[PDB]
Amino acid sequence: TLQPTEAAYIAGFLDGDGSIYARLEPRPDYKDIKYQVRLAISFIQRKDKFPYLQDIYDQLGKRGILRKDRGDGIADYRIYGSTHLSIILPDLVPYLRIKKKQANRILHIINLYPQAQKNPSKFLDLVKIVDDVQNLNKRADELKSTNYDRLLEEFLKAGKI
């Protein structure tokens, strides 16, 4: 497993060249709610320093997927899923500074995901944190995400409340 100063480093580095986000991805094939909430952390870097993502990956139990080239010389390492994340984040949260919040919102989403799954009213609360999160990843002067307001609208238009 992970040592304090390796967790601290990864956290330090994540605050630098990394990213903690949530997404609301449309689903045509889904049931009632045609949207899967997607969660991840990532590390971006110039492919020549790839062995350094490499390193990190291996330090994080080989969860997530490395990508020696995103097609533009820039390499990366993306960790999807509440599974990987609920193991990883707690180790990193105590050392995160800039993206610490984001990491807790994600954990928070993770607590409420099972009850919100088949429950349109609760899936909306969940989608709000998804908004708040992507907001955290913004300039205070950029357009503030609005998945909560466009999903509700649609849930009413479809008589799900």
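Note that residue numbering follows the sequence shown and begins at 1.
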Query raised in the report: Mean CA B-factor: is it higher for 39 to 47 or for 53 to 61?
Result: 53 to 61
Query - 24 to 32 versus 109 to 117 - greater average Cα B-factor per the deposited record - result: 24 to 32
Requested in this report: Sort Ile98, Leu124, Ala103, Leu136 by C-alpha B-factor from the entry and give me just the highest.
Outcome: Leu124
Query - Lowest, middle or highest third - CA B-factor, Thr146 - result: highest
Query - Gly73 CA temperature factor, ranked by third within the chain - result: highest
